[PDB]
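We give structure tokens for two forms of one protein chain below, kept apart as structure 1 and structure 2.
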Structure 1
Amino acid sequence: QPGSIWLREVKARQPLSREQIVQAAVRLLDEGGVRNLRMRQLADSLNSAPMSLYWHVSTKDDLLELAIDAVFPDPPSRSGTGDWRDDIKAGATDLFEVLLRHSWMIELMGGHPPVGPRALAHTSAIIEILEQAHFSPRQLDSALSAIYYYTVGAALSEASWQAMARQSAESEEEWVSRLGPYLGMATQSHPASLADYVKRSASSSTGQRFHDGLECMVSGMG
């Protein structure tokens, strides 16, 4: 309320834990993205004033990095199937599903390298899966980049699609149908394989798209 600064002249800390703050920041991020994270509103959600936050972080950017690590998946459960490909796919899939659930993190990782404890443990597990499969260092690094950059690109694309699909309320089949008048005309300038791809796309879904691409990619490594 206006004038409280003057009342302070005639004479209130609210200690918080960092963990409690980060959990509250994840909730605000999940609700409205990086723009929905304002420090004063975060402090309000914890019944506190902004000073309570800055005992623990210097800036909002610090808090974004803590939030990124907080939601990183546990290392994948070693599958026992004896195929390291199954373990790689579990680890990538776990990360994919986290990214879809917390899509604000996707764009942040490239400019805020994830090296917090949960990210280090997950990455260490992927690295060990590949080493125990006798990848040399250069091959390991290449395969790791393929797996992670595939997963990030898939998450970005599918999260963007899902957000638009929610708004417009439109499935893949419905979108192909709505665009059919254009697509029928435009694909006639190219060989049959293009229209055929577009037809098949009407029956695809997020989980299958991600899984099939991941399977394909990992199939041939080694």
Structure 2
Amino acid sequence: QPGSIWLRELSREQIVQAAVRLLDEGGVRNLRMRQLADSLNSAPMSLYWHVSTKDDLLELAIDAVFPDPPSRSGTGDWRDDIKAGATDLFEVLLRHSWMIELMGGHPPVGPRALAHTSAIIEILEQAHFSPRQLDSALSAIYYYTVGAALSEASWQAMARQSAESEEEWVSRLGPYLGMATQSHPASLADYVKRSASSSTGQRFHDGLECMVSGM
């Protein structure tokens, strides 16, 4: 019953953190309860005692890495405040890209998620957003930020690798460009180049401005 772990209230903080490291280096598939026990030098049964099932460990993991509630600056510049909290969340999602697929399956109702949402709600209330206006603004922040994190992740495969030179990289991407210029006007191929080239998160902040002034 996705979300129910939170209804039910070696330590658990210790396990969850070892899981997140396991998630960071492999992924959802790398998170094996056996290897978790070993990394914690424990019997699998001792884990099972604190964390009922893997599904539950995942829910604990998602919330544990959620950023802190965005700071609400005194200057009343809720615009700068909203921008910050979106950026905080964006960098968490890029750092822990495994959270994305998980959040698709369960809405974060954990305590750090809810505290994060509750703080954004306050920032918007303090800017005289009505309740329905506040729903659309809130939603658009989360939706945009999550979508940006998702797209940034997939475009990583196209982006230049850490030890790869520009020449080797454009050599790798060239065939994708040709295929694009072949079937569509040239503005598509220019966009492909920029997608594969955009500084890690350069495009997020640009659209984030194209968005916050929206409100």
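Please note that residue numbering is based on structure 1, beginning with 1 at the start of its sequence. In this text, the rigid core denotes the largest set of C-alpha atoms whose superposition between the two forms falls within 1.5 Å.
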Only one of 36, 157, 47, 168 shifts by 2 Å or more at CA between structures 1 and 2 when the core is aligned; which is it? 168
I want to check residue 23: does it shift between structures 1 and 2 by 2 Å or more at the Cα, with the core superposed? no
Following rigid core alignment, is the displacement of the residue 183 C-alpha between structures 1 and 2 equal to or greater than 2 angstroms? yes
Does superposing the core leave residue 132 with a CA shift of 2 Å or more between structures 1 and 2? no
Check the Cα of residue 198 between structures 1 and 2 on a core superposition and give its shift in Å. 6.1
If I align on the rigid core, how far apart are the two C-alpha positions of residue 81 between structures 1 and 2? Answer in Å. 3.7
